[PDB]
Amino acid sequence: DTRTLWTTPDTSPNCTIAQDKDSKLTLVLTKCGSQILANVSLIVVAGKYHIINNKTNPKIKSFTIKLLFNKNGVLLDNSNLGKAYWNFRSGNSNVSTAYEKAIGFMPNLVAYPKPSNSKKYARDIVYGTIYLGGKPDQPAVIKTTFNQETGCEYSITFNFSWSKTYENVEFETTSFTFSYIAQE
Amino acid sequence: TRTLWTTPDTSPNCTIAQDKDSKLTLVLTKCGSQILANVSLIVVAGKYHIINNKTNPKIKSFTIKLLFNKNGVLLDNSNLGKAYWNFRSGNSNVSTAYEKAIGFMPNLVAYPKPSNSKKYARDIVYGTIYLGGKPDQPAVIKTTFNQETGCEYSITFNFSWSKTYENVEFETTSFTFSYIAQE
Amino acid sequence: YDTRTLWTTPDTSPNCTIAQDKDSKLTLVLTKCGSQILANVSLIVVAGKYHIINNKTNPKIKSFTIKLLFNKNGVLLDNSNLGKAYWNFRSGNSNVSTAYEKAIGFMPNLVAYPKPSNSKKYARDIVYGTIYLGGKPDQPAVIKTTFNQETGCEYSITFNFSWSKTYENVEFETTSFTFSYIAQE
Ligand SMILES: CC(=O)N[C@H]1[C@H]([C@H](O)[C@H](O)CO)O[C@@](O)(C(=O)O)C[C@@H]1O
Ligand SMILES: CC(=O)N[C@H]1[C@H]([C@H](O)[C@H](O)CO)O[C@@](O)(C(=O)O)C[C@@H]1O
Ligand SMILES: CC(=O)N[C@H]1[C@H]([C@H](O)[C@H](O)CO)O[C@@](O)(C(=O)O)C[C@@H]1O
Ligand SMILES: [Zn+2]
Ligand SMILES: [Zn+2]
Ligand SMILES: [Zn+2]
């Protein structure tokens with residue numbers, strides 16, 4: 001109702017992009033009535049997307065992190081984010097019990113409809129720019145899409161892409177804030 | 001009572017050039033002293049539906065105005081229609097039109113009404129939305145608080161672009177901003 | 001009395017020292033929404049070095065920083081650029097009668113944004129944004145907000161204002177920027 005659904009703010013890897021637990025996705029979802037206030041950042045610690053080099057690897061330009069939810073708002077097992085520490089805040093960590101329901105934290109289906117025969121509108125997307133290493137001249141685009149995945153009831157997906165040729169740049173980002181209309 | 005919105009549907013509610021030619025999706029959530037705001041626009045017909053700058057070089061901007069009285073009631077003078085601007089009830093509105101919404105109005109000390117005194121830029125918020133969800137099609141959304149005359153409160157959205165777009169449908173991604181509330 | 005809001009008040013009375021005493025008004029509003037702080041910021045320089053920007057006359061004037069430093073209790077330290085006099089909890093459009101003793105719930109989270117130490121420094125304690133001088137679209141200036149990266153304090157929120165363009169006689173008064181950060185409690 002007014003609680004926080006988050007990933008914990010530690011640096012302990014909780015996310016799988018290319019290989020297992022290669023990244024820490026810090027995501028904090030806070031319910032303010034009909035809108036959800038969201039704060040996001042990413043640290044890649046290992047694998048394909050850890051150290052970006054577009055001189056040696058020119059085709060590594062984008063990747064996606066998917067969060068898939070069922071009818072009750074529980075994170076599905078096939079999401080990129082691990083189910084382990086995706087829960088309500090208890091202090092600096094989480095409560096002992098994994099949550100039953102989080103429908104109030106899901107994106108609104110009327111505002112952000114699933115793919116169908118009807119006309120797809122752009123309002124289910126939010127664009128933002130974060131910066132690698134905190135450097136102002138190293139931007140990367142974060143594209144957030146609501147409810148556009150199949151095999152779920154609700155989805156939040158993060159697409160990270162860049163158009164610059166980076167040479168040995170560690171992929172860890174500044175933080176970005178956005179919001180979206182809630183289901184309940 | 002914590003949310004003022006246009007309804008999350010796609011039923012056209014806004015007049016830019018011709019009558020009801022657009023859908024302005026605006027949600028205002030009260031968070032104490034600040035109002036969390038989320039906004040997108042879909043133009044369905046008329047002058048600003050399919051943008052062609054190579055045919056029409058002058059069509060580069062337009063403004064949607066919301067004008068309020070002392071009680072925070074929307075005026076029929078505004079670009080957005082009064083019919084579907086109300087407090088949240090599920091995925092729709094309350095059956096009765098609201099009487100007072102001063103808590104949702106932009107703070108007068110922070111954003112003063114037009115007057116002989118100095119005008120500061122802090123009553124403006126700048127954002128970038130994208131047409132058709134395409135990253136290579138940016139358009140500027142300029143939000144201004146309490147800068148219209150003939151009303152007590154106002155939130156205006158100015159859409160502008162500097163790129164030459166050919167056959168591009170004006171339907172936008174969402175943008176989130178906030179402002180200081182009157183009470 | 002509103003304990004869910006820490007602000008400078010939304011007036012235009014100089015409260016901040018960048019180059020000379022009270023040369024600016026920093027309007028900052030911190031609204032607590034559970035474990036996230038919704039923040040709203042703008043800057044008006046009224047006098048001194050950074051008031052009227054002329055980069056043709058003064059090529060090197062391209063940046064400045066406004067620092068807010070806090071102790072263990074979340075009280076603003078006097079060596080901060082922002083004056084303590086009107087940094088308080090909200091009462092109407094003004095502040096409460098007496099200065100606050102605690103505001104830990106408004107401080108940046110320490111696990112999320114750790115104090116300078118021997119550990120690996122992560123970029124997530126930075127929020128980048130762009131505001132505009134005079135409200136003109138062709139006059140951008142980058143606002144860089146960093147959490148808990150100053151030494152000599154327990155908490156800190158710093159605002160670095162910088163620009164790349166050569167501005168000639170431009171009054172440094174900005175549009176508003178909204179962001180959020182994870183709260184300590
Ligand atoms: C934080 C920020 O806004 N950075 C922007 C920078 C800076 O204006 C300059 O590098 C001066 O620091 O310019 C860019 O064109 C770039 O480098 O790709 C876009 C980027 O978004
Ligand atoms: C979402 C986003 O930030 N898009 C930006 C794009 C993309 O960086 C590139 O098109 C790579 O896809 O580049 C622009 O110069 C453009 O096309 O006008 C600015 C625009 O704001
Ligand atoms: C509000 C906004 O996005 N302004 C942007 C402007 C405008 O697109 C053009 O001036 C057209 O008015 O273009 C810039 O390249 C510039 O002038 O430095 C970046 C700046 O951020
Ligand atoms: Zn690393
Ligand atoms: Zn259309
Ligand atoms: Zn001045």
Side-chain angles (χ1 to χ4, degrees), chain A residues 11-13 17 19 21-24 42-54 61-62 122 125-134 137-145 158-166 168-173 176 178, chain B residues 53 117-122 126-141 160-165 168 172-175, chain C residues 12-14 16 18-20 22-25 42-54 119-124 128-130 133-135 137 140 167 169-174:
Chain A
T11 56
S12 174
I17 304 168
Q19 64 197 56
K21 273 88 176 76
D22 61 353
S23 54
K24 167 76 195 195
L42 183 68
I43 300 161
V44 189
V45 294
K48 184 173 162 188
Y49 299 107
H50 176 214
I51 311 298
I52 306 298
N53 192 325
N54 288 132
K61 303 295 278 187
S62 64
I125 299 167
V126 186
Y127 276 107
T129 307
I130 41 82
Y131 298 83
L132 312 182
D137 67 338
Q138 289 176 349
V141 175
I142 181 167
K143 184 187 183 190
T144 307
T145 320
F158 303 103
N159 180 59
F160 292 89
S161 69
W162 56 98
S163 57
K164 278 183 158 181
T165 310
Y166 296 123
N168 293 314
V169 175
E170 184 176 47
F171 205 101
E172 58 94 17
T173 76
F176 176 63
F178 63 99
Chain B
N53 295 127
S117 53
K118 193 180 172 64
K119 195 269 181 183
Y120 291 115
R122 67 175 183 173
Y126 276 106
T128 304
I129 44 81
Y130 298 79
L131 313 171
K134 289 184 170 180
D136 66 330
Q137 296 180 352
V140 175
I141 174 167
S160 70
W161 53 98
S162 56
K163 290 177 81 173
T164 309
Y165 297 112
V168 174
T172 80
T173 59
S174 300
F175 177 71
Chain C
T12 50
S13 304
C16 190
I18 312 169
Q20 62 184 52
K22 291 173 181 174
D23 61 348
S24 53
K25 163 74 188 199
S42 77
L43 183 69
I44 302 160
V45 188
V46 291
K49 187 191 183 184
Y50 300 107
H51 179 218
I52 305 296
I53 306 302
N54 196 324
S119 300
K120 186 179 176 63
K121 197 273 170 187
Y122 284 117
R124 63 178 185 177
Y128 275 108
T130 297
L133 310 181
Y167 296 121
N169 297 311
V170 174
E171 181 179 60
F172 206 102
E173 57 97 2
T174 80

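Atoms considered below: every heavy atom in the structure, side chains included; atoms not considered: hydrogens, waters and symmetry mates. Atoms within a ligand are numbered from 1 in the order they appear, just like the ligands themselves. Naming: A, B, ... by sequence-line order, numbering from 1 per chain.
- Residues satisfying the side chain to side chain contact (heavy atoms under 4.5 Å, CB included) criterion with C/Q20, sequence neighbours excluded, are C/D23, C/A47.
- Contact of the B/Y130 side chain with the A/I125 side chain is not registered, since no non-hydrogen atoms from C-beta on lie closer than 4.5 Å.
- Residues passing the ring pair (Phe, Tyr, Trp, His ring centres under 6.0 Å) test with A/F158, sequence neighbours excluded: none.
- Between the A/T165 side chain and the A/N54 main chain, no donor and acceptor come within less than 3.5 Å of each other.
- Applying the 6.0 Å contact sphere to NZ of C/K22 captures no more than 12 heavy atoms from other residues, nucleotides or ligands.
- Salt bridge annotation for A/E170-C/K120: present, with a cationic side-chain nitrogen under 4.0 angstrom from a carboxylate oxygen.
- Within a 6.0 Å sphere centred on NZ of B/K134, other residues, nucleotides and ligands contribute 12 heavy atoms or fewer.
- For ligand 2, the 4.0 Å heavy-atom shell takes in A/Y127, A/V141, A/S163, B/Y130, B/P135, B/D136, B/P138, B/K163, ordered by chain and residue number.
- One finds the CD1 atom of A/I130 at 10.0 Å from the CZ atom of A/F176 (value rounded to the nearest 0.5 Å).
- Only protein N, O or S atoms were scored, and 2 of them lie under 2.8 Å from the Zn ion (ligand 6).
- Between A/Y166 and A/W162, the two ring planes are tilted [angle within 30° to 60°].
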